[PDB]
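Shown here is one chain on its own, the form deposited without the RNA, set out as structure tokens.
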């Protein structure tokens, strides 16, 4: 059940697909910044990748609090669906 095992990265699904990547990244930064230091936020607007984002935290504890605190939060009328990434970002190996 790797998606339930804490690591530095949360995977968010069920995001409103009408939000532009630029606006999405700024909004996710304002939502998630209260849980710890964000290294970066990933959004692909490649057709298959819409409604999805990755928030990478400096510490695992920050990602866990963010995941438990924001699970199901109705953002632009849609509940956020949050997991941990199955694999954690290469940036963590470089920390």
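Only residues modelled in both forms are compared. Positions refer to the first chain, counted from 1. For clarity, a rigid core is taken as the largest C-alpha set superposing within 1.5 Å between two forms.
The next section is about a form of this same protein that is not shown, the form deposited with the RNA bound.
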When the contact criterion is heavy atoms within 4.5 Å, does residue 58 count as touching the RNA in the bound PDB entry?
no
Find out whether any non-hydrogen atom of residue 31 is located within 4.5 angstroms of the RNA in the bound PDB entry, and reply yes or no.
no
Flag residue 52 as yes or no: does it have a non-hydrogen atom within 4.5 angstroms of any non-hydrogen atom of the RNA in the bound PDB entry?
yes
Can you name the residues of 68 to 95 that have a heavy atom within 4.5 Å of the RNA in the bound PDB entry?
77, 78, 83, 84, 85, 86, 87, 88, 89, 90
Taking the rigid core as reference, which runs of at least three consecutive residues show Cα movement of 2 Å or more between the shown form and the other one?
93 to 95
